[PDB]
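Chemist: Below is start29.cif; it holds mmCIF, C-alpha atoms and all ligand atoms.
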data_upload
loop_
_atom_site.label_atom_id
_atom_site.label_comp_id
_atom_site.auth_asym_id
_atom_site.auth_seq_id
_atom_site.Cartn_x
_atom_site.Cartn_y
_atom_site.Cartn_z
CA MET A 1 103.55 -17.53 79.61
CA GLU A 2 100.03 -16.29 78.74
CA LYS A 3 99.98 -12.77 77.29
CA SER A 4 101.02 -10.14 79.83
CA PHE A 5 98.89 -7.00 79.82
CA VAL A 6 97.18 -4.49 82.06
CA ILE A 7 94.34 -2.13 81.29
CA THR A 8 94.10 1.25 83.05
CA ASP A 9 91.27 3.75 83.41
CA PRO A 10 92.36 7.24 82.34
CA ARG A 11 88.99 8.62 83.57
CA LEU A 12 90.26 7.98 87.13
CA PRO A 13 93.34 9.60 88.73
CA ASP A 14 96.75 8.63 87.25
CA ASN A 15 95.79 5.52 85.25
CA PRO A 16 94.96 2.91 87.88
CA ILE A 17 95.13 -0.72 86.73
CA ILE A 18 91.55 -2.06 86.49
CA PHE A 19 92.49 -5.40 84.93
CA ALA A 20 95.71 -7.46 85.04
CA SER A 21 96.08 -10.62 82.95
CA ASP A 22 97.11 -14.03 84.29
CA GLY A 23 100.28 -13.63 82.19
CA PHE A 24 101.09 -10.33 83.93
CA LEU A 25 100.75 -12.02 87.34
CA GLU A 26 103.07 -14.79 86.24
CA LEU A 27 105.69 -12.45 84.72
CA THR A 28 105.72 -10.01 87.63
CA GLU A 29 105.06 -12.50 90.50
CA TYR A 30 102.37 -10.18 92.01
CA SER A 31 98.86 -11.36 92.92
CA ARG A 32 95.92 -9.75 91.21
CA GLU A 33 94.51 -8.44 94.48
CA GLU A 34 97.72 -6.54 95.30
CA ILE A 35 98.03 -4.94 91.69
CA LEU A 36 94.51 -3.63 91.21
CA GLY A 37 94.32 0.18 91.47
CA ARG A 38 98.03 0.83 91.23
CA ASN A 39 99.82 2.72 88.49
CA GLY A 40 102.03 0.62 86.22
CA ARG A 41 105.19 2.43 87.37
CA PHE A 42 105.23 0.15 90.46
CA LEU A 43 107.30 -2.21 88.27
CA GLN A 44 110.11 0.34 87.94
CA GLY A 45 113.18 0.57 90.15
CA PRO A 46 116.72 1.88 90.38
CA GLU A 47 118.01 0.75 86.97
CA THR A 48 114.96 2.03 85.08
CA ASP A 49 116.00 4.76 82.58
CA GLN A 50 114.16 7.96 83.58
CA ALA A 51 114.52 9.30 79.99
CA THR A 52 112.32 6.35 78.89
CA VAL A 53 109.86 7.07 81.74
CA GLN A 54 109.49 10.67 80.44
CA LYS A 55 108.80 9.39 76.83
CA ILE A 56 105.97 7.25 78.31
CA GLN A 57 104.52 10.19 80.28
CA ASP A 58 104.54 12.31 77.09
CA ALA A 59 102.85 9.59 75.00
CA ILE A 60 100.08 9.15 77.65
CA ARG A 61 99.48 12.94 77.77
CA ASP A 62 99.32 13.02 73.94
CA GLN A 63 97.15 9.84 73.87
CA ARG A 64 99.57 8.30 71.36
CA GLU A 65 100.72 4.70 71.10
CA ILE A 66 104.37 4.05 71.98
CA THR A 67 106.71 1.11 72.31
CA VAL A 68 109.71 1.39 74.68
CA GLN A 69 112.15 -1.12 76.19
CA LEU A 70 112.91 -0.51 79.88
CA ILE A 71 114.08 -2.32 83.03
CA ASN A 72 111.32 -3.53 85.37
CA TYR A 73 111.40 -5.64 88.55
CA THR A 74 109.45 -8.63 89.76
CA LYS A 75 107.96 -8.71 93.28
CA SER A 76 111.10 -10.65 94.44
CA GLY A 77 113.31 -7.92 93.01
CA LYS A 78 114.49 -9.71 89.83
CA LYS A 79 115.24 -7.36 86.94
CA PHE A 80 113.83 -8.00 83.47
CA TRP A 81 113.85 -6.05 80.23
CA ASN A 82 110.26 -5.13 79.30
CA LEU A 83 109.38 -4.28 75.70
CA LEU A 84 106.22 -2.31 76.63
CA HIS A 85 103.62 -1.54 73.94
CA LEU A 86 101.18 1.12 75.19
CA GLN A 87 98.06 1.78 73.20
CA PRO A 88 95.21 4.23 73.77
CA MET A 89 91.72 2.62 73.33
CA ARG A 90 88.85 4.88 72.19
CA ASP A 91 85.16 4.10 72.15
CA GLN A 92 82.80 4.47 69.18
CA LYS A 93 82.17 8.11 70.37
CA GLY A 94 85.94 8.88 69.77
CA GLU A 95 86.56 9.30 73.51
CA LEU A 96 89.51 7.81 75.30
CA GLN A 97 88.25 4.87 77.40
CA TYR A 98 91.42 2.89 78.32
CA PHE A 99 95.06 2.42 77.89
CA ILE A 100 96.38 -1.12 77.42
CA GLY A 101 99.99 -2.01 78.01
CA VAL A 102 101.35 -5.28 76.74
CA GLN A 103 104.65 -6.47 78.25
CA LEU A 104 107.12 -8.75 76.43
CA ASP A 105 110.02 -9.96 78.66
CA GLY A 106 113.38 -9.87 76.85
CA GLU A 107 116.35 -7.72 75.85
CA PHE A 108 115.04 -7.50 72.28
CA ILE A 109 117.13 -4.43 71.42
CA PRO A 110 120.64 -4.88 72.86
CA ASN A 111 121.25 -2.24 75.62
CA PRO A 112 124.32 -0.80 73.73
CA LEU A 113 122.06 0.04 70.79
CA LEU A 114 119.07 1.13 72.94
CA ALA A 115 121.36 3.73 74.50
CA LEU A 116 122.30 5.56 71.18
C1 LIG B 1 98.17 0.76 80.44
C2 LIG B 1 99.52 1.08 81.02
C3 LIG B 1 100.43 0.09 81.27
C4 LIG B 1 101.74 0.35 81.77
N1 LIG B 1 102.59 -0.70 81.96
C5 LIG B 1 103.81 -0.39 82.42
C6 LIG B 1 104.76 -1.45 82.59
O1 LIG B 1 104.58 -2.62 82.29
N2 LIG B 1 105.99 -1.06 83.10
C7 LIG B 1 106.33 0.24 83.39
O2 LIG B 1 107.52 0.47 83.82
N3 LIG B 1 105.46 1.25 83.15
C8 LIG B 1 104.24 0.92 82.70
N4 LIG B 1 103.37 1.96 82.47
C9 LIG B 1 103.84 3.35 82.61
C10 LIG B 1 103.65 3.97 83.96
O3 LIG B 1 102.37 3.57 84.40
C11 LIG B 1 103.74 5.49 83.89
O4 LIG B 1 102.79 5.98 82.99
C12 LIG B 1 105.13 6.03 83.52
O5 LIG B 1 106.13 5.47 84.37
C13 LIG B 1 105.21 7.53 83.53
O6 LIG B 1 104.97 8.01 84.92
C14 LIG B 1 102.08 1.70 82.01
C15 LIG B 1 101.15 2.71 81.77
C16 LIG B 1 99.86 2.40 81.32
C17 LIG B 1 98.92 3.56 81.08
CL CL B 2 101.99 9.02 83.31
CO CO B 3 104.29 -17.15 76.68
#
Translate this file's structure into structure tokens.
Modeler:
Amino acid sequence: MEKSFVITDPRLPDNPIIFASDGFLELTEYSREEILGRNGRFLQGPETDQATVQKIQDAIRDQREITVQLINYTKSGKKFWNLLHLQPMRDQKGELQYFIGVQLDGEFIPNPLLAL
């Protein structure tokens, strides 16, 4: 699939998605029009590890890059492992301008090891 990413605007409330790639639409099965403005946690669901969610929240607060692997759900309810790479983007004035999150679909780290 084409590269899956979203870009959010941290200068607006709770990191709304302002751009979603064609690859993100294809991975997640959502249309662009129905994604724009939402927070990326819409992909989460029952099996998502809340301890991983909290690591993400802390990295965003700290404006630090992080990679986590977590369960996400397509629009039709199919589970997938998402290796999510979140990166703050600063402008030439040193000010936070975006976050970008790149999603790779796969159980890269086996769940029994992820859990240790
Ligand atoms: C740019 C960006 C992309 C994100 N992409 C995802 C994602 O693909 N899946 C997910 O479960 N959370 C994602 N999140 C995390 C989610 O939006 C939220 O920050 C955490 O769930 C903590 O509330 C993303 C966050 C940002 C800022
Ligand atoms: Cl957050
Ligand atoms: Co591909």
Chemist: Step by step, measure atom-to-atom distances between ligand CL 2 (chain B) and each residue using only C-alpha atoms and all ligand atoms, keep those at most 12 Å, then write them as a PDB file with C-alpha atoms, in the coordinates of the input.
Modeler:
ATOM      1  CA  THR A   8      94.100   1.250  83.050  1.00  0.00           C
ATOM      2  CA  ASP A   9      91.270   3.750  83.410  1.00  0.00           C
ATOM      3  CA  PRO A  10      92.360   7.240  82.340  1.00  0.00           C
ATOM      4  CA  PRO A  13      93.340   9.600  88.730  1.00  0.00           C
ATOM      5  CA  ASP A  14      96.750   8.630  87.250  1.00  0.00           C
ATOM      6  CA  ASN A  15      95.790   5.520  85.250  1.00  0.00           C
ATOM      7  CA  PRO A  16      94.960   2.910  87.880  1.00  0.00           C
ATOM      8  CA  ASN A  39      99.820   2.720  88.490  1.00  0.00           C
ATOM      9  CA  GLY A  40     102.030   0.620  86.220  1.00  0.00           C
ATOM     10  CA  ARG A  41     105.190   2.430  87.370  1.00  0.00           C
ATOM     11  CA  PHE A  42     105.230   0.150  90.460  1.00  0.00           C
ATOM     12  CA  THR A  52     112.320   6.350  78.890  1.00  0.00           C
ATOM     13  CA  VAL A  53     109.860   7.070  81.740  1.00  0.00           C
ATOM     14  CA  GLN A  54     109.490  10.670  80.440  1.00  0.00           C
ATOM     15  CA  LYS A  55     108.800   9.390  76.830  1.00  0.00           C
ATOM     16  CA  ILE A  56     105.970   7.250  78.310  1.00  0.00           C
ATOM     17  CA  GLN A  57     104.520  10.190  80.280  1.00  0.00           C
ATOM     18  CA  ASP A  58     104.540  12.310  77.090  1.00  0.00           C
ATOM     19  CA  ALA A  59     102.850   9.590  75.000  1.00  0.00           C
ATOM     20  CA  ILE A  60     100.080   9.150  77.650  1.00  0.00           C
ATOM     21  CA  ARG A  61      99.480  12.940  77.770  1.00  0.00           C
ATOM     22  CA  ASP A  62      99.320  13.020  73.940  1.00  0.00           C
ATOM     23  CA  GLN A  63      97.150   9.840  73.870  1.00  0.00           C
ATOM     24  CA  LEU A  86     101.180   1.120  75.190  1.00  0.00           C
ATOM     25  CA  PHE A  99      95.060   2.420  77.890  1.00  0.00           C
TER      26      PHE A  99
END
Chemist: Which chains and residue numbers are within 8 Å of ligand CO 3 (chain B), counting only C-alpha atoms and all ligand atoms, if I want them as a ChimeraX atom specification?
Modeler: /A:1-3,23
Chemist: Would you mind telling me which residue in A:64, A:78, A:90, A:11 lies nearest to residue A:27 when using only C-alpha atoms?
Modeler: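 Nearest candidate to residue A:27 out of A:64, A:78, A:90, A:11: A:78.
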Chemist: Using all atoms listed in the file, find the one residue out of A:104, A:115, A:109, A:36 that sits nearest to ligand LIG 1 (chain B).
Modeler: A:104
Chemist: Just give me the residues with any atom within 9 Å of (92.8, -10.0, 90.6), file coordinates, counting only C-alpha atoms, written as a list in words.
Modeler: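 Collected hits near the coordinates: residues 19, 20, 21, 22, 25, 31, 32, 33, 34, 35 and 36 of chain A.
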Chemist: Expressed in Å to a single decimal, how great is the separation between atom CA of residue A:44 and atom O2 of ligand LIG 1 (chain B)?
Modeler: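 A separation of 4.9 Å between them.
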Chemist: Between atom CA of residue A:75 and atom CA of residue A:97, what is the spacing in Å?
Modeler: 28.7 Å
Chemist: Got a sec: who's within 10 Å of residue A:28, counting all atoms listed in the file, leaving out chain neighbours fewer than 5 positions off, as an MDAnalysis selection string?
Modeler: chainID A and resid 4 23 43 72:80 105
Chemist: Using all atoms listed in the file, which of A:82, A:96, A:48, A:89 sits nearest residue A:108?
Modeler: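 Smallest distance to residue A:108 is found for A:82.
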Chemist: Please report the interatomic distance between atom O5 of ligand LIG 1 (chain B) and atom CA of residue A:112 in Å with one decimal.
Modeler: 22.0 Å
Chemist: Give, as AutoDock Vina command-line options, the centre coordinates and the x, y and z edge lengths in Å to one decimal for an axis-aligned box around all listed atoms of stretch 75-83 of chain A, padded by 3 Å on each side.
Modeler:
--center_x 111.6 --center_y -7.5 --center_z 85.1 --size_x 13.3 --size_y 12.4 --size_z 24.7
Chemist: Between A:69, A:103, A:92, A:26, which residue has the minimum interatomic distance to ligand LIG 1 (chain B), considering all atoms listed in the file?
Modeler: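 Ranked by minimum distance to ligand LIG 1 (chain B), first place goes to A:103.
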Chemist: Choose the residue, out of A:100, A:6, A:71, A:66, that has the smallest atom-to-atom separation from residue A:114; count all atoms listed in the file.
Modeler: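 Distance minimum relative to residue A:114 lands on A:71.
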Chemist: Which one is closest to residue A:101: A:85, A:113, A:46, A:37? Count all atoms listed in the file.
Modeler: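 Checking each candidate against residue A:101, we get A:85 as the closest.
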